[PDB]
file upload.pdb (PDB, C-alpha atoms)
MODEL        1
ATOM      1  CA  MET A  26     234.839  -6.496 238.819  1.00  0.00           C
ATOM      2  CA  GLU A  27     235.874  -3.331 236.972  1.00  0.00           C
ATOM      3  CA  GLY A  28     238.796  -3.804 234.577  1.00  0.00           C
ATOM      4  CA  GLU A  29     238.667  -7.610 234.655  1.00  0.00           C
ATOM      5  CA  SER A  30     238.833  -9.838 231.591  1.00  0.00           C
ATOM      6  CA  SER A  31     237.452 -13.360 231.237  1.00  0.00           C
ATOM      7  CA  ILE A  32     238.611 -15.736 228.534  1.00  0.00           C
ATOM      8  CA  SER A  33     237.006 -19.108 227.916  1.00  0.00           C
ATOM      9  CA  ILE A  34     237.081 -21.992 225.473  1.00  0.00           C
ATOM     10  CA  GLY A  35     234.247 -24.461 225.147  1.00  0.00           C
ATOM     11  CA  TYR A  36     232.342 -27.141 223.309  1.00  0.00           C
ATOM     12  CA  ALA A  37     229.813 -26.056 220.723  1.00  0.00           C
ATOM     13  CA  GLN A  38     227.097 -28.309 219.301  1.00  0.00           C
ATOM     14  CA  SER A  39     224.486 -27.337 216.713  1.00  0.00           C
ATOM     15  CA  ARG A  40     221.112 -28.699 215.696  1.00  0.00           C
ATOM     16  CA  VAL A  41     220.234 -27.892 212.090  1.00  0.00           C
ATOM     17  CA  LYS A  42     216.652 -27.989 210.817  1.00  0.00           C
ATOM     18  CA  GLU A  43     214.923 -27.180 207.536  1.00  0.00           C
ATOM     19  CA  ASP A  44     211.169 -27.742 207.256  1.00  0.00           C
ATOM     20  CA  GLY A  45     210.569 -30.938 205.310  1.00  0.00           C
ATOM     21  CA  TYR A  46     213.890 -32.524 206.289  1.00  0.00           C
ATOM     22  CA  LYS A  47     215.076 -34.476 209.312  1.00  0.00           C
ATOM     23  CA  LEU A  48     216.739 -32.523 212.131  1.00  0.00           C
ATOM     24  CA  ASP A  49     220.534 -32.845 212.034  1.00  0.00           C
ATOM     25  CA  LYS A  50     221.952 -33.071 215.574  1.00  0.00           C
ATOM     26  CA  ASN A  51     225.525 -33.873 214.491  1.00  0.00           C
ATOM     27  CA  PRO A  52     227.490 -30.648 213.876  1.00  0.00           C
ATOM     28  CA  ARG A  53     230.132 -29.987 216.557  1.00  0.00           C
ATOM     29  CA  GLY A  54     232.988 -27.593 217.189  1.00  0.00           C
ATOM     30  CA  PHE A  55     234.153 -24.972 219.642  1.00  0.00           C
ATOM     31  CA  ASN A  56     233.484 -21.533 221.089  1.00  0.00           C
ATOM     32  CA  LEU A  57     235.873 -18.819 222.298  1.00  0.00           C
ATOM     33  CA  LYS A  58     234.419 -16.040 224.461  1.00  0.00           C
ATOM     34  CA  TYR A  59     236.125 -12.907 225.747  1.00  0.00           C
ATOM     35  CA  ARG A  60     234.541 -10.662 228.379  1.00  0.00           C
ATOM     36  CA  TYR A  61     235.619  -7.292 229.685  1.00  0.00           C
ATOM     37  CA  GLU A  62     233.996  -5.618 232.645  1.00  0.00           C
ATOM     38  CA  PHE A  63     233.879  -1.789 232.334  1.00  0.00           C
ATOM     39  CA  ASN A  64     232.632  -1.391 235.863  1.00  0.00           C
ATOM     40  CA  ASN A  65     231.433  -3.609 238.726  1.00  0.00           C
ATOM     41  CA  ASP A  66     228.075  -4.297 237.049  1.00  0.00           C
ATOM     42  CA  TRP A  67     228.346  -3.817 233.297  1.00  0.00           C
ATOM     43  CA  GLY A  68     230.597  -5.264 230.640  1.00  0.00           C
ATOM     44  CA  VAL A  69     230.848  -6.498 227.083  1.00  0.00           C
ATOM     45  CA  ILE A  70     231.322  -9.996 225.770  1.00  0.00           C
ATOM     46  CA  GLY A  71     232.405 -11.241 222.353  1.00  0.00           C
ATOM     47  CA  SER A  72     231.947 -14.756 220.999  1.00  0.00           C
ATOM     48  CA  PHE A  73     233.299 -16.793 218.100  1.00  0.00           C
ATOM     49  CA  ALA A  74     231.751 -20.174 217.400  1.00  0.00           C
ATOM     50  CA  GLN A  75     232.303 -22.837 214.797  1.00  0.00           C
ATOM     51  CA  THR A  76     230.581 -26.176 214.280  1.00  0.00           C
ATOM     52  CA  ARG A  77     230.868 -28.660 211.459  1.00  0.00           C
ATOM     53  CA  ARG A  78     229.940 -32.045 210.152  1.00  0.00           C
ATOM     54  CA  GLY A  79     232.373 -33.290 207.527  1.00  0.00           C
ATOM     55  CA  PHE A  80     233.378 -36.491 205.777  1.00  0.00           C
ATOM     56  CA  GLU A  81     233.325 -39.416 208.179  1.00  0.00           C
ATOM     57  CA  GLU A  82     234.395 -42.828 207.100  1.00  0.00           C
ATOM     58  CA  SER A  83     231.464 -45.137 207.557  1.00  0.00           C
ATOM     59  CA  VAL A  84     230.379 -48.743 207.172  1.00  0.00           C
ATOM     60  CA  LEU A  89     225.842 -42.165 196.735  1.00  0.00           C
ATOM     61  CA  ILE A  90     225.618 -38.595 198.024  1.00  0.00           C
ATOM     62  CA  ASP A  91     227.761 -37.307 200.890  1.00  0.00           C
ATOM     63  CA  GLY A  92     227.345 -34.002 202.680  1.00  0.00           C
ATOM     64  CA  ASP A  93     229.484 -31.420 204.423  1.00  0.00           C
ATOM     65  CA  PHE A  94     228.311 -28.637 206.725  1.00  0.00           C
ATOM     66  CA  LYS A  95     230.019 -25.719 208.416  1.00  0.00           C
ATOM     67  CA  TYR A  96     228.686 -22.935 210.603  1.00  0.00           C
ATOM     68  CA  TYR A  97     230.371 -20.093 212.242  1.00  0.00           C
ATOM     69  CA  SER A  98     229.431 -16.975 214.014  1.00  0.00           C
ATOM     70  CA  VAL A  99     230.767 -13.794 215.544  1.00  0.00           C
ATOM     71  CA  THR A 100     228.496 -12.176 218.128  1.00  0.00           C
ATOM     72  CA  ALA A 101     228.770  -9.557 220.870  1.00  0.00           C
ATOM     73  CA  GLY A 102     226.738  -7.790 223.497  1.00  0.00           C
ATOM     74  CA  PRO A 103     226.313  -6.466 227.037  1.00  0.00           C
ATOM     75  CA  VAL A 104     226.929  -8.616 230.102  1.00  0.00           C
ATOM     76  CA  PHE A 105     225.261  -7.808 233.443  1.00  0.00           C
ATOM     77  CA  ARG A 106     226.793  -8.982 236.686  1.00  0.00           C
ATOM     78  CA  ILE A 107     224.150 -10.019 239.199  1.00  0.00           C
ATOM     79  CA  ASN A 108     226.504 -10.822 242.049  1.00  0.00           C
ATOM     80  CA  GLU A 109     229.909 -12.284 242.684  1.00  0.00           C
ATOM     81  CA  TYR A 110     228.929 -15.621 241.158  1.00  0.00           C
ATOM     82  CA  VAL A 111     226.595 -15.052 238.230  1.00  0.00           C
ATOM     83  CA  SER A 112     226.312 -12.765 235.228  1.00  0.00           C
ATOM     84  CA  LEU A 113     223.814 -12.783 232.339  1.00  0.00           C
ATOM     85  CA  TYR A 114     224.365 -11.680 228.767  1.00  0.00           C
ATOM     86  CA  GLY A 115     222.652 -11.122 225.416  1.00  0.00           C
ATOM     87  CA  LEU A 116     224.476 -11.311 222.078  1.00  0.00           C
ATOM     88  CA  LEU A 117     223.896 -10.183 218.506  1.00  0.00           C
ATOM     89  CA  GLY A 118     225.988 -10.651 215.408  1.00  0.00           C
ATOM     90  CA  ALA A 119     226.346 -12.738 212.278  1.00  0.00           C
ATOM     91  CA  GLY A 120     226.106 -16.427 211.472  1.00  0.00           C
ATOM     92  CA  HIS A 121     227.427 -18.001 208.275  1.00  0.00           C
ATOM     93  CA  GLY A 122     226.480 -21.467 207.088  1.00  0.00           C
ATOM     94  CA  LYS A 123     227.730 -23.544 204.197  1.00  0.00           C
ATOM     95  CA  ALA A 124     226.448 -26.901 202.974  1.00  0.00           C
ATOM     96  CA  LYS A 125     227.904 -28.990 200.184  1.00  0.00           C
ATOM     97  CA  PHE A 126     226.712 -32.234 198.648  1.00  0.00           C
ATOM     98  CA  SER A 127     228.784 -34.428 196.352  1.00  0.00           C
ATOM     99  CA  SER A 128     228.524 -37.765 194.573  1.00  0.00           C
ATOM    100  CA  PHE A 130     229.758 -39.748 191.572  1.00  0.00           C
ATOM    101  CA  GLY A 131     231.786 -36.806 190.359  1.00  0.00           C
ATOM    102  CA  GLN A 132     229.303 -33.990 190.845  1.00  0.00           C
ATOM    103  CA  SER A 133     228.465 -31.469 193.591  1.00  0.00           C
ATOM    104  CA  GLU A 134     226.484 -28.442 194.682  1.00  0.00           C
ATOM    105  CA  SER A 135     226.967 -26.064 197.571  1.00  0.00           C
ATOM    106  CA  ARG A 136     225.054 -23.205 199.141  1.00  0.00           C
ATOM    107  CA  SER A 137     226.135 -20.645 201.691  1.00  0.00           C
ATOM    108  CA  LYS A 138     224.367 -17.880 203.577  1.00  0.00           C
ATOM    109  CA  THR A 139     225.079 -15.141 206.102  1.00  0.00           C
ATOM    110  CA  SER A 140     222.334 -13.911 208.403  1.00  0.00           C
ATOM    111  CA  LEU A 141     221.857 -12.428 211.852  1.00  0.00           C
ATOM    112  CA  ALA A 142     222.776 -14.571 214.845  1.00  0.00           C
ATOM    113  CA  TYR A 143     221.234 -14.042 218.285  1.00  0.00           C
ATOM    114  CA  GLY A 144     222.433 -15.400 221.607  1.00  0.00           C
ATOM    115  CA  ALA A 145     221.886 -15.431 225.340  1.00  0.00           C
ATOM    116  CA  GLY A 146     223.930 -16.955 228.113  1.00  0.00           C
ATOM    117  CA  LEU A 147     225.552 -16.767 231.458  1.00  0.00           C
ATOM    118  CA  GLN A 148     228.837 -16.847 233.231  1.00  0.00           C
ATOM    119  CA  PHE A 149     229.399 -18.491 236.602  1.00  0.00           C
ATOM    120  CA  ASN A 150     232.438 -17.691 238.773  1.00  0.00           C
ATOM    121  CA  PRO A 151     232.848 -20.498 241.340  1.00  0.00           C
ATOM    122  CA  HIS A 152     236.092 -18.763 242.321  1.00  0.00           C
ATOM    123  CA  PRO A 153     236.785 -15.116 241.493  1.00  0.00           C
ATOM    124  CA  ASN A 154     239.476 -16.085 238.933  1.00  0.00           C
ATOM    125  CA  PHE A 155     237.633 -18.920 237.177  1.00  0.00           C
ATOM    126  CA  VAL A 156     234.846 -18.902 234.605  1.00  0.00           C
ATOM    127  CA  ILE A 157     232.254 -21.398 233.517  1.00  0.00           C
ATOM    128  CA  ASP A 158     230.367 -20.159 230.481  1.00  0.00           C
ATOM    129  CA  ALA A 159     227.143 -21.442 228.907  1.00  0.00           C
ATOM    130  CA  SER A 160     225.062 -20.012 226.099  1.00  0.00           C
ATOM    131  CA  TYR A 161     222.581 -20.627 223.301  1.00  0.00           C
ATOM    132  CA  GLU A 162     222.628 -19.091 219.839  1.00  0.00           C
ATOM    133  CA  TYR A 163     220.100 -19.066 216.985  1.00  0.00           C
ATOM    134  CA  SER A 164     220.501 -18.136 213.334  1.00  0.00           C
ATOM    135  CA  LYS A 165     218.062 -18.520 210.458  1.00  0.00           C
ATOM    136  CA  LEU A 166     219.765 -18.891 207.082  1.00  0.00           C
ATOM    137  CA  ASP A 167     216.908 -18.611 204.612  1.00  0.00           C
ATOM    138  CA  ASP A 168     214.991 -21.840 205.256  1.00  0.00           C
ATOM    139  CA  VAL A 169     217.694 -23.448 207.407  1.00  0.00           C
ATOM    140  CA  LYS A 170     217.540 -22.946 211.180  1.00  0.00           C
ATOM    141  CA  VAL A 171     220.708 -23.404 213.242  1.00  0.00           C
ATOM    142  CA  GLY A 172     220.565 -23.659 217.017  1.00  0.00           C
ATOM    143  CA  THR A 173     223.889 -23.867 218.849  1.00  0.00           C
ATOM    144  CA  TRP A 174     224.628 -24.684 222.483  1.00  0.00           C
ATOM    145  CA  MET A 175     227.955 -23.759 224.033  1.00  0.00           C
ATOM    146  CA  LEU A 176     229.618 -24.817 227.269  1.00  0.00           C
ATOM    147  CA  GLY A 177     233.094 -23.618 228.179  1.00  0.00           C
ATOM    148  CA  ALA A 178     235.533 -22.632 230.885  1.00  0.00           C
ATOM    149  CA  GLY A 179     238.507 -20.403 231.475  1.00  0.00           C
ATOM    150  CA  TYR A 180     239.927 -17.668 233.640  1.00  0.00           C
ATOM    151  CA  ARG A 181     239.235 -14.177 234.880  1.00  0.00           C
ATOM    152  CA  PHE A 182     242.030 -11.764 235.662  1.00  0.00           C
TER     153      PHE A 182
ENDMDL
END
call {"tool": "encode", "arguments": {"input": "upload.pdb", "output": "structure tokens"}}
result
Amino acid sequence: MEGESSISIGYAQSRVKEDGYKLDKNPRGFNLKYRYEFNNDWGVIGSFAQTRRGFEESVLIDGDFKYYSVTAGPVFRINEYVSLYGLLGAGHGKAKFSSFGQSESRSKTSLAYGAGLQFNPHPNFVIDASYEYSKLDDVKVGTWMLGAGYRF
């Protein structure tokens, strides 16, 4: 309802794909979302996401990946239980490869686009789920987010 805020924290998981290379389903992290309802039907939502795949000890060339994004947009309340939203903002990716002794890294900022929903099983609770896409030159990053929190 009007004047109410929702804050949530959640899992984020990315798939990363460049044509000619295998899809990378590993990067993981988190998502914070903050929603404010201006009236009983319309509001705004902001999102920060980060995912990464770093050094993991395992059993010649190792890689490191990081993605984050800041997006925002309008949220439309359908009824007491469900609201839908669309987001726009920026994504930033960085990839680094090292051996032995030597390394190269690339980073890129591009538009990020998202869409999601919020479910209120109780008026003061939030379950949040969304998808985000960003194309960083030839590298596509798709990120799913699933979180929870409170509305007050």
call {"tool": "closest_residue", "arguments": {"input": "upload.pdb", "among": "A:169, A:34, A:84, A:159", "to": "residue 121 in chain A", "atoms": "only C-alpha atoms"}}
result
A:169
call {"tool": "resolve_selection", "arguments": {"input": "upload.pdb", "expression": "the PyMOL selection byres ((chain A and resi 155) around 12)", "output": "CSV table (one decimal) with C-alpha atoms, in the coordinates of the input"}}
result
chain,number,residue,atom,x,y,z
A,29,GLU,CA,238.7,-7.6,234.7
A,30,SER,CA,238.8,-9.8,231.6
A,31,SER,CA,237.5,-13.4,231.2
A,32,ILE,CA,238.6,-15.7,228.5
A,33,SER,CA,237.0,-19.1,227.9
A,109,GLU,CA,229.9,-12.3,242.7
A,110,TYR,CA,228.9,-15.6,241.2
A,111,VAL,CA,226.6,-15.1,238.2
A,148,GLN,CA,228.8,-16.8,233.2
A,149,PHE,CA,229.4,-18.5,236.6
A,150,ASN,CA,232.4,-17.7,238.8
A,151,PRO,CA,232.8,-20.5,241.3
A,152,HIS,CA,236.1,-18.8,242.3
A,153,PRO,CA,236.8,-15.1,241.5
A,154,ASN,CA,239.5,-16.1,238.9
A,156,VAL,CA,234.8,-18.9,234.6
A,157,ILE,CA,232.3,-21.4,233.5
A,158,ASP,CA,230.4,-20.2,230.5
A,177,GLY,CA,233.1,-23.6,228.2
A,178,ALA,CA,235.5,-22.6,230.9
A,179,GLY,CA,238.5,-20.4,231.5
A,180,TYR,CA,239.9,-17.7,233.6
A,181,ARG,CA,239.2,-14.2,234.9
A,182,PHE,CA,242.0,-11.8,235.7
call {"tool": "closest_residue", "arguments": {"input": "upload.pdb", "among": "A:60, A:42, A:53, A:95", "to": "residue 114 in chain A", "atoms": "only C-alpha atoms"}}
result
A:60
call {"tool": "closest_residue", "arguments": {"input": "upload.pdb", "among": "A:102, A:54, A:172, A:92", "to": "residue 75 in chain A", "atoms": "only C-alpha atoms"}}
result
A:54
call {"tool": "residues_around", "arguments": {"input": "upload.pdb", "residues": "residue 70 in chain A", "least_positions_apart": "2", "cutoff": "9 Å", "atoms": "only C-alpha atoms", "output": "PDB file with C-alpha atoms, keeping the file's coordinate frame"}}
result
ATOM      1  CA  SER A  31     237.452 -13.360 231.237  1.00  0.00           C
ATOM      2  CA  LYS A  58     234.419 -16.040 224.461  1.00  0.00           C
ATOM      3  CA  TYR A  59     236.125 -12.907 225.747  1.00  0.00           C
ATOM      4  CA  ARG A  60     234.541 -10.662 228.379  1.00  0.00           C
ATOM      5  CA  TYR A  61     235.619  -7.292 229.685  1.00  0.00           C
ATOM      6  CA  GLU A  62     233.996  -5.618 232.645  1.00  0.00           C
ATOM      7  CA  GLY A  68     230.597  -5.264 230.640  1.00  0.00           C
ATOM      8  CA  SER A  72     231.947 -14.756 220.999  1.00  0.00           C
ATOM      9  CA  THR A 100     228.496 -12.176 218.128  1.00  0.00           C
ATOM     10  CA  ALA A 101     228.770  -9.557 220.870  1.00  0.00           C
ATOM     11  CA  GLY A 102     226.738  -7.790 223.497  1.00  0.00           C
ATOM     12  CA  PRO A 103     226.313  -6.466 227.037  1.00  0.00           C
ATOM     13  CA  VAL A 104     226.929  -8.616 230.102  1.00  0.00           C
ATOM     14  CA  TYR A 114     224.365 -11.680 228.767  1.00  0.00           C
ATOM     15  CA  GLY A 115     222.652 -11.122 225.416  1.00  0.00           C
ATOM     16  CA  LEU A 116     224.476 -11.311 222.078  1.00  0.00           C
TER      17      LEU A 116
END
call {"tool": "atom_distance", "arguments": {"input": "upload.pdb", "atom1": "CA of residue 41 in chain A", "atom2": "CA of residue 173 in chain A"}}
result
8.7 Å
call {"tool": "atom_distance", "arguments": {"input": "upload.pdb", "atom1": "CA of residue 51 in chain A", "atom2": "CA of residue 130 in chain A"}}
result
24.0 Å
call {"tool": "closest_residue", "arguments": {"input": "upload.pdb", "among": "A:124, A:80, A:73, A:108", "to": "residue 144 in chain A", "atoms": "all atoms listed in the file"}}
result
A:73
call {"tool": "atom_distance", "arguments": {"input": "upload.pdb", "atom1": "CA of residue 145 in chain A", "atom2": "CA of residue 69 in chain A"}}
result
12.8 Å
call {"tool": "decode", "arguments": {"input": "upload.pdb", "residues": "range 116-149 of chain A", "atoms": "N, CA and C atoms", "output": "mmCIF file, in the first residue's frame"}}
result
data_model
loop_
_atom_site.group_PDB
_atom_site.id
_atom_site.type_symbol
_atom_site.label_atom_id
_atom_site.label_comp_id
_atom_site.auth_asym_id
_atom_site.auth_seq_id
_atom_site.Cartn_x
_atom_site.Cartn_y
_atom_site.Cartn_z
ATOM 1 N N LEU A 116 12.779 -3.460 -14.893
ATOM 2 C CA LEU A 116 13.973 -2.760 -14.423
ATOM 3 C C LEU A 116 14.936 -2.449 -15.564
ATOM 4 N N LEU A 117 15.643 -1.338 -15.416
ATOM 5 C CA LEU A 117 16.657 -0.915 -16.362
ATOM 6 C C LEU A 117 17.805 -0.327 -15.571
ATOM 7 N N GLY A 118 19.020 -0.524 -16.068
ATOM 8 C CA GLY A 118 20.168 0.048 -15.392
ATOM 9 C C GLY A 118 21.463 -0.360 -16.060
ATOM 10 N N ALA A 119 22.473 -0.631 -15.245
ATOM 11 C CA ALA A 119 23.795 -0.947 -15.761
ATOM 12 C C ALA A 119 24.310 -2.254 -15.177
ATOM 13 N N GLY A 120 24.963 -3.027 -16.035
ATOM 14 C CA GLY A 120 25.710 -4.207 -15.622
ATOM 15 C C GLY A 120 27.184 -3.983 -15.907
ATOM 16 N N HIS A 121 28.041 -4.573 -15.074
ATOM 17 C CA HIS A 121 29.481 -4.449 -15.210
ATOM 18 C C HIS A 121 30.077 -5.822 -14.974
ATOM 19 N N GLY A 122 30.796 -6.311 -15.977
ATOM 20 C CA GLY A 122 31.475 -7.592 -15.892
ATOM 21 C C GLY A 122 32.976 -7.454 -15.989
ATOM 22 N N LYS A 123 33.674 -8.334 -15.282
ATOM 23 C CA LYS A 123 35.122 -8.400 -15.356
ATOM 24 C C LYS A 123 35.565 -9.856 -15.366
ATOM 25 N N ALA A 124 36.468 -10.178 -16.281
ATOM 26 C CA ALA A 124 37.023 -11.523 -16.379
ATOM 27 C C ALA A 124 38.539 -11.439 -16.432
ATOM 28 N N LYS A 125 39.196 -12.300 -15.692
ATOM 29 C CA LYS A 125 40.636 -12.313 -15.616
ATOM 30 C C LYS A 125 41.135 -13.736 -15.737
ATOM 31 N N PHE A 126 42.164 -13.926 -16.541
ATOM 32 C CA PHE A 126 42.805 -15.222 -16.681
ATOM 33 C C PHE A 126 44.271 -15.093 -16.318
ATOM 34 N N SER A 127 44.778 -16.078 -15.587
ATOM 35 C CA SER A 127 46.173 -16.077 -15.162
ATOM 36 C C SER A 127 46.792 -17.442 -15.402
ATOM 37 N N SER A 128 48.119 -17.491 -15.405
ATOM 38 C CA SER A 128 48.841 -18.756 -15.431
ATOM 39 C C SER A 128 49.708 -18.881 -14.187
ATOM 40 N N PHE A 130 52.863 -20.126 -16.220
ATOM 41 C CA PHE A 130 52.550 -19.453 -14.963
ATOM 42 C C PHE A 130 53.274 -18.126 -14.874
ATOM 43 N N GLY A 131 52.692 -17.200 -14.120
ATOM 44 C CA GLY A 131 53.187 -15.859 -14.003
ATOM 45 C C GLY A 131 52.431 -14.743 -14.727
ATOM 46 N N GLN A 132 51.536 -15.057 -15.665
ATOM 47 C CA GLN A 132 51.130 -14.055 -16.620
ATOM 48 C C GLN A 132 49.595 -13.941 -16.601
ATOM 49 N N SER A 133 49.019 -12.803 -16.971
ATOM 50 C CA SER A 133 47.574 -12.686 -16.900
ATOM 51 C C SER A 133 47.036 -11.637 -17.861
ATOM 52 N N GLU A 134 45.735 -11.712 -18.098
ATOM 53 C CA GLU A 134 45.035 -10.714 -18.884
ATOM 54 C C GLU A 134 43.646 -10.563 -18.302
ATOM 55 N N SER A 135 43.103 -9.358 -18.352
ATOM 56 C CA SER A 135 41.750 -9.160 -17.869
ATOM 57 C C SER A 135 41.027 -8.201 -18.788
ATOM 58 N N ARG A 136 39.710 -8.331 -18.819
ATOM 59 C CA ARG A 136 38.853 -7.453 -19.600
ATOM 60 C C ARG A 136 37.658 -7.087 -18.748
ATOM 61 N N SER A 137 37.176 -5.858 -18.892
ATOM 62 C CA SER A 137 35.972 -5.477 -18.177
ATOM 63 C C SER A 137 35.106 -4.583 -19.061
ATOM 64 N N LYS A 138 33.810 -4.610 -18.802
ATOM 65 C CA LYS A 138 32.862 -3.903 -19.650
ATOM 66 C C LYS A 138 31.629 -3.511 -18.861
ATOM 67 N N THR A 139 31.117 -2.318 -19.153
ATOM 68 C CA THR A 139 29.844 -1.855 -18.609
ATOM 69 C C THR A 139 28.853 -1.678 -19.748
ATOM 70 N N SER A 140 27.642 -2.197 -19.565
ATOM 71 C CA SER A 140 26.619 -2.076 -20.582
ATOM 72 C C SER A 140 25.282 -1.921 -19.895
ATOM 73 N N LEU A 141 24.224 -1.791 -20.682
ATOM 74 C CA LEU A 141 22.878 -1.757 -20.112
ATOM 75 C C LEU A 141 22.529 -3.114 -19.499
ATOM 76 N N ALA A 142 21.748 -3.080 -18.425
ATOM 77 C CA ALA A 142 21.150 -4.293 -17.882
ATOM 78 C C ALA A 142 19.634 -4.117 -17.862
ATOM 79 N N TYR A 143 18.911 -5.200 -18.116
ATOM 80 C CA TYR A 143 17.456 -5.143 -18.235
ATOM 81 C C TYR A 143 16.881 -6.231 -17.360
ATOM 82 N N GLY A 144 15.803 -5.956 -16.642
ATOM 83 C CA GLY A 144 15.240 -6.966 -15.770
ATOM 84 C C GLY A 144 13.726 -6.967 -15.719
ATOM 85 N N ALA A 145 13.173 -8.054 -15.208
ATOM 86 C CA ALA A 145 11.737 -8.143 -15.008
ATOM 87 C C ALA A 145 11.519 -9.120 -13.867
ATOM 88 N N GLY A 146 10.544 -8.835 -13.019
ATOM 89 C CA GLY A 146 10.298 -9.745 -11.916
ATOM 90 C C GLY A 146 8.968 -9.525 -11.236
ATOM 91 N N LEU A 147 8.811 -10.192 -10.112
ATOM 92 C CA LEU A 147 7.650 -10.031 -9.317
ATOM 93 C C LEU A 147 7.881 -10.135 -7.841
ATOM 94 N N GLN A 148 6.959 -9.544 -7.118
ATOM 95 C CA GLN A 148 6.953 -9.693 -5.664
ATOM 96 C C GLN A 148 5.640 -10.308 -5.216
ATOM 97 N N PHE A 149 5.752 -11.272 -4.309
ATOM 98 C CA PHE A 149 4.621 -11.966 -3.721
ATOM 99 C C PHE A 149 4.571 -11.636 -2.228
#
